[PDB]
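Single chain ahead, written as structure tokens, the form deposited in one PDB entry.
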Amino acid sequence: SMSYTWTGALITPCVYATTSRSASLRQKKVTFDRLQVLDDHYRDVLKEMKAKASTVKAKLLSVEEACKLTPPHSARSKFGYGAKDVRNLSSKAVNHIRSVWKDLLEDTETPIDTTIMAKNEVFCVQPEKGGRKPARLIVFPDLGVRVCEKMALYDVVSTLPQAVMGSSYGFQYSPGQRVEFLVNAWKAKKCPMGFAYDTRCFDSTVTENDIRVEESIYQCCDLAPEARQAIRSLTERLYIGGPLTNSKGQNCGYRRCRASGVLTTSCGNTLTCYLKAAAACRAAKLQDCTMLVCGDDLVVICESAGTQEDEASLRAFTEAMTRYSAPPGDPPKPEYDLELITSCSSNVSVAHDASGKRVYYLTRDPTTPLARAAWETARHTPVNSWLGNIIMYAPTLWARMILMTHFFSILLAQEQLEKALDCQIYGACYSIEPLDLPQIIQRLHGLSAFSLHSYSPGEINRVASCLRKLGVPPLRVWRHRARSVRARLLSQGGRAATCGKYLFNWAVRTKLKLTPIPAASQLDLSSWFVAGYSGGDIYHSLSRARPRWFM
């Protein structure tokens, strides 16, 4: 069947930002018929995944618990209420949610309406390698349906992927644990070979059978009878496909592939990618495979069989993936150094702690984080990618010297250090106070993230070249600015002094002895590196359990 069918109505609007103007180019790439042939390898992996899913017990969320997961600026319902009414448990919001739920239990077939929209994402215009990227498309149901998805499936999508995939499930790891996983897998092989597999338009490669196969896995959970019916009805009415409506309310067409804006997008994509990849590893006869899967993002670390044999087995792996309806964008390339593998737009790098001990860390090319931070500094944005980048890439030279220096001086100037901001962590929205950054970093990356030095020449040159390309002042200017930022933060005491002393310890001539922050343990990070929720409309406010008077 065709992934999409179009009426002809436009996808109307809601260095550079992507807009609805380029929607046509995206629509052309994502529209095609899918050819899928399954085999014994696929059926075997599937049964093994289901045997693991069978250990899961999922809870039905209450209306109140589902409403509390809703982002404050989540798109309003077409039924006379918004995200604020949902979060406040307004009678009108709650009544409509209960009627949407009742309708899921009673109606098993009528397709549910969705809105199709162009995503506005910032990228860096580089005329050296082609041109501009067309806008990505987002497909999502009404607010009432999104609350019902949480009730039926939040606990499933949060618990099931790790139980099924175990250590292969990428979203259970903090950046440091991901690095630890990849390094341990690499060191465990006699002669290691790794590769990243890039599926061309993954969401569009997802068939209605893949969506039913994914439901067959959810159905292995112990579920409340209403959760079991809601999952069944949501599968047939929403997940498998349905009609598309543009921002103007016009019939835009029809979808028979993965919706990017449903609660199950990340879980379904991870399970599907893993299933197809694990089966393709058997068909390719790859030896001692270790996989790391994050939605459509796949990395495979295996045992090398020789240079020519590795190239041959990768072409065979690709053939199997293609039969399973997952053909590649860029064909996969065998790598023999762990640092050369780009996965989830990131790579492993190593540095030293204050004692000369080696520390592995996750980094990436800083162009897109710097261009997005420049955009966010220029105009008010709903999400602060700069904050999420500081959190995820805290050990990096670029996040420490540039992002921390720039943003802490702006916050000092605006007197907004305590003002909570929204950022995305594995697709989920977190409301975080910049004053909590030292404690967050210590908890995720360890105390060493504040003492890292001996960065690699390759990483230093990538950062320096990027600063030059973007007209950003060089590293020595940042060191000078961080000294003043640090002195002003130290002068304020409390959490602000801790920001100065810990985040900017790299900036001083004579480096301080840093002891662990006592209040860091109080932070409730329980929901942090559990699962992926990209397009899942998930929100959390950072909380502190058991506060001591003196902190």
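Quick note: we count residues from 1 along the sequence shown, nothing fancier. Residues that one form lacks are left out of the comparison. Think of the rigid core as the biggest set of C-alphas that the two forms share within 1.5 Å after superposition.
Although it is not shown, the form deposited with a small molecule bound is what the next lines describe.
A residue is said to contact a partner when one of its heavy atoms sits within 4.5 Å of a partner heavy atom; residue 144 fails this definition for the small molecule in the entry with it bound, lying far away. In the entry with it bound, the small molecule lies within 4.5 Å of some heavy atom of residue 344. Contact check for residue 290: no non-hydrogen atom falls within 4.5 Å of the small molecule in the entry with it bound. In the entry with it bound, the small molecule lies farther than 4.5 Å from every heavy atom of residue 539. Contact check for 61, 104 and 239: none of the three has a heavy atom within 4.5 Å of the small molecule in the entry with it bound. Stretch-level contact check against the small molecule in the entry with it bound with heavy atoms at 4.5 Å: of 333-341, 95-103, 230-238, 249-257, the positive one is 333-341. Comment: the small molecule is not present in this chain, but in the entry with it bound one of 317, 426, 274, 324 has a heavy atom within 4.5 Å of it, namely 426.
Only one of 294, 117, 112, 449 lies close to the small molecule in the entry with it bound, with a heavy atom inside 4.5 Å, and it is 294. No residue in 373, 275, 292, 428 other than 428 shows a CA shift of 2 angstroms or more between the shown form and the other one after fitting the rigid core.
Remark: 425-428, 530-535 are the runs between the shown form and the other one in which three or more consecutive shared residues have Cα displacements of 2 Å or more on core superposition.
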